[PDB]
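Enquirer: Model the following, please.
(chains A, B, C and D, ligands or ions: 71)
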4 protein chains.
Amino acid sequence: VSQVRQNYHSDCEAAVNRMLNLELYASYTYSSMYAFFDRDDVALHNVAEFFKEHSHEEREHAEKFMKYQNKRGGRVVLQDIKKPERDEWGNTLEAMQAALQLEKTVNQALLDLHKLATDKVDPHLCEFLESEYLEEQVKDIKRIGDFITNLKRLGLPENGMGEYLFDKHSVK
Amino acid sequence: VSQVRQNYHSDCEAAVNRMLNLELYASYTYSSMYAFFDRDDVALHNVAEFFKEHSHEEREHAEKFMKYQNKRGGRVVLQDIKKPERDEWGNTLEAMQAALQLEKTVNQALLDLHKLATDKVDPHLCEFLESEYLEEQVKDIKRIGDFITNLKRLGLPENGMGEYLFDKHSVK
Amino acid sequence: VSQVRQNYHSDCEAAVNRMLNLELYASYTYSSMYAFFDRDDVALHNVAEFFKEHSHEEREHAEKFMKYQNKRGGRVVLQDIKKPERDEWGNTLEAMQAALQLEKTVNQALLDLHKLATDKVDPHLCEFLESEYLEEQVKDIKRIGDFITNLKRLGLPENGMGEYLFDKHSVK
Amino acid sequence: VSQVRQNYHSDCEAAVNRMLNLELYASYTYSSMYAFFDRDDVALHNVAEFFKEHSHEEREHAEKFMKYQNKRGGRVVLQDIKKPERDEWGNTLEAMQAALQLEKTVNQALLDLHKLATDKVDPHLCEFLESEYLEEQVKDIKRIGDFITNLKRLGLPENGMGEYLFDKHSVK
Ligand SMILES: [Cl-]
Ligand SMILES: [Cl-]
Ligand SMILES: [Cl-]
Ligand SMILES: [Cl-]
Ligand SMILES: [Cl-]
Ligand SMILES: [Cl-]
Ligand SMILES: [Cl-]
Ligand SMILES: [Cl-]
Ligand SMILES: [Cl-]
Ligand SMILES: [Cl-]
Ligand SMILES: [Cl-]
Ligand SMILES: [Cl-]
Ligand SMILES: [Cl-]
Ligand SMILES: [Cl-]
Ligand SMILES: [Cl-]
Ligand SMILES: [Cl-]
Ligand SMILES: [Cl-]
Ligand SMILES: [Cl-]
Ligand SMILES: [Cl-]
Ligand SMILES: [Cl-]
Ligand SMILES: [Cl-]
Ligand SMILES: [Cl-]
Ligand SMILES: [Cl-]
Ligand SMILES: [Cl-]
Ligand SMILES: [Cl-]
Ligand SMILES: [Cl-]
Ligand SMILES: [Cl-]
Ligand SMILES: [Cl-]
Ligand SMILES: [Cl-]
Ligand SMILES: [Cl-]
Ligand SMILES: [Co+2]
Ligand SMILES: [Co+2]
Ligand SMILES: [Co+2]
Ligand SMILES: [Co+2]
Ligand SMILES: [Co+2]
Ligand SMILES: [Co+2]
Ligand SMILES: [Co+2]
Ligand SMILES: [Co+2]
Ligand SMILES: [Co+2]
Ligand SMILES: [Co+2]
Ligand SMILES: [Co+2]
Ligand SMILES: [Co+2]
Ligand SMILES: [Co+2]
Ligand SMILES: [Co+2]
Ligand SMILES: [Co+2]
Ligand SMILES: [Co+2]
Ligand SMILES: [Co+2]
Ligand SMILES: [Co+2]
Ligand SMILES: [Co+2]
Ligand SMILES: [Co+2]
Ligand SMILES: [Co+2]
Ligand SMILES: [Co+2]
Ligand SMILES: [Co+2]
Ligand SMILES: [Co+2]
Ligand SMILES: [Co+2]
Ligand SMILES: [Co+2]
Ligand SMILES: [Co+2]
Ligand SMILES: [Co+2]
Ligand SMILES: [Co+2]
Ligand SMILES: [Co+2]
Ligand SMILES: [Co+2]
Ligand SMILES: [Co+2]
Ligand SMILES: [Mg+2]
Ligand SMILES: [Mg+2]
Ligand SMILES: [Mg+2]
Ligand SMILES: [Mg+2]
Ligand SMILES: [Mg+2]
Ligand SMILES: [Mg+2]
Ligand SMILES: [Mg+2]
Ligand SMILES: [Mg+2]
Ligand SMILES: [Mg+2]
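Expert: Numbers count the residues shown, from 1 in each chain, chains lettered A, B, ... in the order given. Ligands and ions are numbered 1, 2, ... in the order given. Sure, structure below:
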């Protein structure tokens, strides 16, 4: 047992490793979206940059779980980072819809980790999630939802002029 | 009778209390519009902020009537602030149309208070209204009318692209 | 169901609307106290300004609940803002006593909302209350209690010199 | 007839001269109060300075009526400035009570001049009074009333400690 370990259940340690992997999976999905929107036959560079920034954010979320694991005396165990579910993302609306579902998947995993930490009576892990993860997820979900509403209003997927307008006034 | 009171008719004092309540009612209506445009399924944040600012302005108009009442030696009497007439505001045009009618309602109440002050021969109250309230009402009514004209030109309520364009170039 | 909604119980959504209304009710009560202390026959302007500031604070607390409701995908539903329980507040001690009970009423409502969020297993709402509301309530309750102790020590309600001294050295 | 004169009734011209004299009479009364509070056996120097400042203000009000008279083509006609009604002013409360009645006397004269200007249909004179005189009178009356309330609360005229406290915290 690590000399620093105190009130840290093996189940929580394992779930933190799984959460780290999911953050990395999300980062990789966002990077795929960045690459898609940078294609010469897609060419929506403000949209591409939005997804690149989200890729960076998710990787930082992962690094923070690595640091957390070590601080508590757990051991980081890495697994393969699976490739994204799609190779091409259609258009800005389709990609934002996919991002919304990904953010809700991540949020559900965070909520499930919080349930586990509650069951094992780990207030440090609970507060870490509450103060460092759950509010940013809710903010990101709201932002992406707002974008989806606007893209539908702009006539996506059919209205290419609307798609151009979005790239030029909403993510600039 | 208050030691400061001079040339202040009971009827005017009461009408000032009623005017205070109407300013508060208007502030609350605008706050409702702010909340509607901040919804994830509406998502027009520059429009929401316009209404939030107008909510603030109306509350300041109310505070100034409270201060006026005390300066003249009248007594502030508060009543319930009624909830807005609608829970949802449709779209930017529908909301601006509602705001125009609200501003005209407030302006009519100010004009009616001025008639009363004239009848009771209260030049201080008349000038307060003339110099602190009536010109801002006319300016606000003109601004909202100009917005309505533009929203109709942009094809509201049917044209969602027009609604997006307005939010991005007229209230930014 | 809103596209952003996740782990947000209808009961919590409704209780957030009720909490918003209570914050607005508190703001309105404080504004009444401001107006009372600004009267020419009361004339304690540092006390009036203290209550005006608290009125502002409470309105900001309400706006933050509106924003919260939308972020979670709930719908803001407004009700009448009831007028304050009194039209006149007696003196500085009587008003501070009323403010203490109002702040404890608000705090009890926050604690009850936290119980509901706990029962429905909503850690985001729990942390929002814990980190954005509960500590400010405890601080405000302590400040007002400290003022009450000082006002009693100064001989309120009978000792007018004490009341003047308080206005000039404790809320300046 | 003056070459500049237009829509200026002889009655209004005469009433402006009488108003000028009353402003000068008020200035002189305030100067008497300044001198009283500067006496070695009274010795309330912040109170004395308050009245000195009001003396200055009233003299400026008079000069502005002189300038007004000439601008309209009327002729300034001066009369004796009568000495104040009292040679000694008792104490801070007695003096503030006298100042309140003086300010209300001046305000009544301004309101009466406004009635005359209304009857003779002189909008320039009406607006001059409304915008340059009536609001300052209401503000001054409110301030002095607030002081009277505080002086009574402090136990004047009997409570000398209260009188000292006022001079040190309310007019400093
Ligand atoms: Cl352990
Ligand atoms: Cl274990
Ligand atoms: Cl972050
Ligand atoms: Cl696998
Ligand atoms: Cl694919
Ligand atoms: Cl997903
Ligand atoms: Cl966070
Ligand atoms: Cl009156
Ligand atoms: Cl009356
Ligand atoms: Cl304004
Ligand atoms: Cl009713
Ligand atoms: Cl409705
Ligand atoms: Cl209306
Ligand atoms: Cl003006
Ligand atoms: Cl105005
Ligand atoms: Cl839900
Ligand atoms: Cl539910
Ligand atoms: Cl706050
Ligand atoms: Cl009811
Ligand atoms: Cl009452
Ligand atoms: Cl209460
Ligand atoms: Cl807090
Ligand atoms: Cl003439
Ligand atoms: Cl004539
Ligand atoms: Cl002046
Ligand atoms: Cl004589
Ligand atoms: Cl005498
Ligand atoms: Cl007099
Ligand atoms: Cl003025
Ligand atoms: Cl002291
Ligand atoms: Co993200
Ligand atoms: Co993440
Ligand atoms: Co990093
Ligand atoms: Co595979
Ligand atoms: Co995310
Ligand atoms: Co936080
Ligand atoms: Co984010
Ligand atoms: Co407005
Ligand atoms: Co208004
Ligand atoms: Co204000
Ligand atoms: Co109703
Ligand atoms: Co308005
Ligand atoms: Co003007
Ligand atoms: Co305005
Ligand atoms: Co408060
Ligand atoms: Co509050
Ligand atoms: Co605010
Ligand atoms: Co009622
Ligand atoms: Co409070
Ligand atoms: Co907890
Ligand atoms: Co917490
Ligand atoms: Co904190
Ligand atoms: Co506070
Ligand atoms: Co004066
Ligand atoms: Co004067
Ligand atoms: Co001069
Ligand atoms: Co004589
Ligand atoms: Co005066
Ligand atoms: Co004017
Ligand atoms: Co003015
Ligand atoms: Co003055
Ligand atoms: Co002191
Ligand atoms: Mg283990
Ligand atoms: Mg936003
Ligand atoms: Mg009455
Ligand atoms: Mg304009
Ligand atoms: Mg429900
Ligand atoms: Mg628990
Ligand atoms: Mg303290
Ligand atoms: Mg003549
Ligand atoms: Mg004052």
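Enquirer: So which bits of chain A are right by ligand 13?
Expert: Applying C-beta under 5 Å from the ion, one finds that chain A does not approach ligand 13 at all. The C-beta positions use only the backbone N, C-alpha and C, and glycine is treated the same way.
Enquirer: of all of chain A, which residue lies closest to ligand 31?
Expert: Per C-beta to the ion, the residue of chain A with the smallest distance to ligand 31 is residue A:54, at 4.1 Å.
Enquirer: what packs against the helix or strand that residue falls within?
Expert: In the assignment (DSSP states H and E), residue A:54 maps to helix A:45-72. Counting contacts by 3 or more C-beta pairs under 8 Å, 6 or more residues apart in numbering or on different chains; DSSP states H and E, helix A:45-72 packs against helix A:10-37, helix A:92-119, helix A:123-129, helix A:160-169.
Enquirer: still on that earlier bit, give me the nearest residue to the residue of chain A closest to ligand 31, chain neighbours excluded.
Expert: Counting by C-beta to C-beta, 6 or more residues apart in numbering or on different chains, residue A:54 lies nearest to residue A:30, which is 4.5 Å off, once chain neighbours are set aside.
Enquirer: From ligand 2, how far off is that neighbour?
Expert: According to C-beta to the ion, to the nearest Å, residue A:30 stands 34 Å off from ligand 2.
Enquirer: How about residue A:22?
Expert: Using C-beta to the ion, residue A:22 is found at 22 Å from ligand 2.
Enquirer: Hmm, residue A:109 and that residue touching each other?
Expert: Yes - between residue A:22 and residue A:109 there is a contact at 5.5 Å, judged by C-beta atoms under 8 Å.
Enquirer: neighbour-wise, which of the two wins?
Expert: residue A:22 (22 against 19; other C-beta atoms under 10 Å in any protein chain shown).
Enquirer: tally of neighbours for the residue nearest to residue A:54?
Expert: Counted with other C-beta under 10 Å, residues neighbouring residue A:30 total 25.
Enquirer: Residue A:71 too?
Expert: Once other C-beta under 10 Å is used to define contacts, residue A:71 is seen to have 12 neighbours.
Enquirer: need the contact list for it.
Expert: For residue A:71, the contacting residues are residue A:4, by C-beta atoms under 8 Å, 6 or more residues apart in numbering or on different chains.
Enquirer: Can you tell me how far the residue of chain A found nearest ligand 38 is from residue B:45?
Expert: Distances from chain A to ligand 38, computed as C-beta to the ion, single out residue A:146 as the nearest residue at 25.5 Å. Shown here: residue A:146 relative to residue B:45, a distance of 7 Å by C-beta to C-beta, to the nearest Å.
Enquirer: Repeat that for residue A:2.
Expert: From residue A:2 across to residue B:45, the span is 48 Å (C-beta to C-beta).
Enquirer: So which of these two has more stuff around it?
Expert: For the pair residue A:2 and residue B:45, the greater number of neighbours falls to residue B:45 (16 against 11), based on other C-beta under 10 Å.
Enquirer: OK, contacts around the more buried one?
Expert: With contacts taken as C-beta under 8 Å, 6+ apart, residue B:45 has the following neighbours: A:146, B:37, B:38, B:167.
Enquirer: same thing but at 6 Å, please
Expert: When the contact criterion is C-beta atoms under 6 Å, 6 or more residues apart in numbering or on different chains, residue B:45 has no partners at all.
Enquirer: quick one: buried residues of the host helix or strand of residue A:144?
Expert: Taking DSSP H and E as the definition, residue A:144 sits inside helix A:135-153. Judged by neighbour count (16 or more other C-beta atoms under 10 Å in any protein chain shown), helix A:135-153 contains these buried residues: A:135, A:137-138, A:140-153.
Enquirer: Any part of that helix near ligand 32?
Expert: No - using C-beta under 5 Å from the ion, no contact is recorded between helix A:135-153 and ligand 32, whose separation bottoms out at 7.0 Å.
Enquirer: Could you find the closest non-adjacent residue to whatever residue of chain A ends up closest to ligand 13?
Expert: Closest contact between chain A and ligand 13, by C-beta to the ion, is at residue A:153 (27.6 Å). Here the nearest residue to residue A:153 in space, its sequence neighbours aside, is residue B:160; by C-beta to C-beta, 6+ apart that works out to 3.7 Å.
Enquirer: State the distance from the one you found to residue C:6.
Expert: Counting by C-beta to C-beta, the separation of residue B:160 from residue C:6 is 26 Å.
Enquirer: any idea which helix or strand carries residue A:155?
Expert: Using DSSP H and E, no helix or strand contains residue A:155.
Enquirer: My guess is it contacts residue A:161. True?
Expert: No - taking contact to mean C-beta atoms under 6 Å, the distance of 7.9 Å between residue A:155 and residue A:161 leaves them out of contact.
Enquirer: So what's the residue count around whatever residue of chain A ends up closest to ligand 2?
Expert: Among the residues of chain A, residue A:10 lies closest to ligand 2, at 3.7 Å counting by C-beta to the ion. One way to gauge burial is a neighbour count; for residue A:10, by other C-beta under 10 Å, it gives 9.
Enquirer: before we move on, what about the one 4 residues further on?
Expert: Residue A:14 is surrounded by 14 other residues when neighbours are defined as other C-beta under 10 Å.
Enquirer: cool, the one 3 residues further on as well?
Expert: The local packing of residue A:17 (other C-beta under 10 Å) involves 19 other residues.
Enquirer: nearest residue to it other than its sequence neighbours?
Expert: According to C-beta to C-beta, 6+ apart, the nearest residue to residue A:17 is residue A:77 (4.9 Å).
Enquirer: State the distance from the residue of chain A closest to ligand 31 to ligand 37.
Expert: Taking C-beta to the ion as the measure, residue A:54 and ligand 37 are separated by 7 Å.
Enquirer: Any figure for the gap between residue A:9 and ligand 61?
Expert: For residue A:9 relative to ligand 61 (C-beta to the ion), the value is 73 Å.
Enquirer: Kindly list the main-chain dihedrals of the residue lying closest to residue A:66 once chain neighbours are set aside?
Expert: Once flanking residues are discounted, residue A:66 sits nearest to residue A:76: 5.3 Å by C-beta to C-beta, 6+ apart. The phi/psi pair for residue A:76 (degrees, to the nearest 10) reads phi -70, psi 130.
Enquirer: surely residue A:76 meets residue A:65?
Expert: No - at 8.5 Å, residue A:76 does not count as touching residue A:65 under the criterion of C-beta under 6 Å.
Enquirer: These two: which has the busier surroundings?
Expert: residue A:65 (23 against 14).
Enquirer: Distance of the closest residue in space to that one that isn't next to it in sequence relative to residue D:119?
Expert: For residue A:65, ignoring the flanking residues on the chain, the nearest one in space by C-beta to C-beta, 6+ apart is residue A:20 at 4.3 Å. Residue A:20 sits at a distance of 87 Å from residue D:119 (criterion: C-beta to C-beta).
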